[PDB]
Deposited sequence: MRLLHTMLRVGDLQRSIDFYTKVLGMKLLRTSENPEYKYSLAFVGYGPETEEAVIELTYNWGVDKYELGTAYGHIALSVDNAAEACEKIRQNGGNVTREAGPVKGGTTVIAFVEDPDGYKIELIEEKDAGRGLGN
């Protein structure tokens, strides 16, 4: 058994794809449409779905906003360069909610940002 993906509903498919890929470094793995039910999906990740967990973005035709709620927390992603990522995010449609810097009571550099739909993203500058 394995963790496959986390699904998030977004207000604008392409805008989200653009964000995850161009800003966060992910790749568009596949996309699909469902005419019957009027929704489109996009899977974004850092590697193949067969090997790792990815993100499933759902766009319901004609729906551009949802109620975020208080239950869902965030998704944490490893980051190559936290400071730089924050910059890219700042200038590329996102918000930086916690500037890059050592975590409290630690040395590991972390940051918090928001995607285009306001979803919280935690960035962690991390056998063999």
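- Unmodelled segment of the deposited chain, and the only one: 127 to 133.
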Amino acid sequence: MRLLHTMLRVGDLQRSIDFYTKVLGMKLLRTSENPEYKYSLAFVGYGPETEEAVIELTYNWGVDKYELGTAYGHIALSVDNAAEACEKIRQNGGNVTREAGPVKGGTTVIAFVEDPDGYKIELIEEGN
From here on, numbers count along this sequence of modelled residues.
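- Here 33 to 41 and 90 to 98 are compared by their mean Cα B-factor, and 90 to 98 comes out higher.
- Note on 101 to 109 vs 10 to 18: mean CA B-factor is higher in 101 to 109.
- Of the candidates 82, 57, 76, 68, the deposited coordinates give 82 the top C-alpha B factor.
- Sorting the modelled residues of the chain by their CA temperature factor places residue 126 in the highest third.
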